[PDB]
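Computed from the coordinates by the stated procedures, all read-outs in this text should not be read as laboratory data. In this analysis, Cβ positions are derived from the backbone assuming ideal geometry, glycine residues included, and neighbour counts consider all displayed protein chains.
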Amino acid sequence: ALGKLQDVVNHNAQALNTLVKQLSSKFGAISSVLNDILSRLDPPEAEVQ
Amino acid sequence: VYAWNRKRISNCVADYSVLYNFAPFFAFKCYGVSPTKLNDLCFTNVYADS
Amino acid sequence: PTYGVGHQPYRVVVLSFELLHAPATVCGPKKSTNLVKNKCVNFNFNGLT
C-alpha cells in the first residue's frame, strides 16, 4: 500500500550506497586508497594516480 | 636467463639505504613503488630473480 | 670485453613484491611506537596509514 514513499527512501539510501561504493573503485589506478598511493610513490607519479 | 634464479626473501627487516650507499647499478628502475619509500613500508611475497 | 656498450654482459636482478593483499613479513627499519587508546591518531600498521 505504501510502496511509493518507501520507494523514495529506497532510492535515496541506494544512491548514497552507490556513492559510498564508488570509493572502492580503482578508476584505472594502482590502488583505491590515497594513503597507499602517497606511502608508495614519488610525487611525479603519485600526482598521476 | 633461461634458468633464472629465484630466491624468496621473508621474515627479515630490510635496510635499503645501504643499497643506495654502495651501488654500481647503472639502471635502478622501479614500477609500482618509490625507491625512497621502501624503508617506510612493510612487504610480503618478496622475490629476487637473478 | 673488447665490444662496446650494448653488447656487454649485464646482470639483472628483479625484486618482486605484493601490495597489502596478505600478512607482511618483510618490513623497513622504522621503530615501533606504543599504542594509545580512545584518541584521534594517525597510525601506521604494517604500511597502512
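For the reader, a short list of remarks on this structure follows.
- Listed by chain and number, the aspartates and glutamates placed with their C-alpha closer than 20 angstrom to that of A:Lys26 are A:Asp36, A:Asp42, A:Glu45, A:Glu47, C:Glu18; residues fewer than eight positions away on the same chain are left out.
- Label-to-label distance, nm, for residues given as A:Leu23 and A:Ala46 (7 Å Cα→Cβ offset): 2.1 nm
- For peptide B:10-23, the mean count of partner chain Cβ atoms within 10 Å of a residue's Cβ comes to 2.
- Förster-model FRET efficiency, 22 Å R0, B:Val18 and B:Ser50, C-beta, rounded to 0.05: 0.75
- Listed residues A:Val33, A:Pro43, A:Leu2: farthest to the positive end of the dipole of chain A (Cβ charges): A:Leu2
- Two-decimal Rg to Rh for the protein assembly as shown - Kirkwood Rh, Cα set: 1.16
- Taking 18 Å as the straight-line reach from the Cα of B:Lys37, the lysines in range (excluding those fewer than 8 positions away in the same chain) are B:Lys29, C:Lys30, C:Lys31.
- Only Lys, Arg, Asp and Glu carry charge here, each on its Cβ (+1 for the first two, -1 for the last two); on that basis chain A has a dipole of about 300 debye about its Cα centre.
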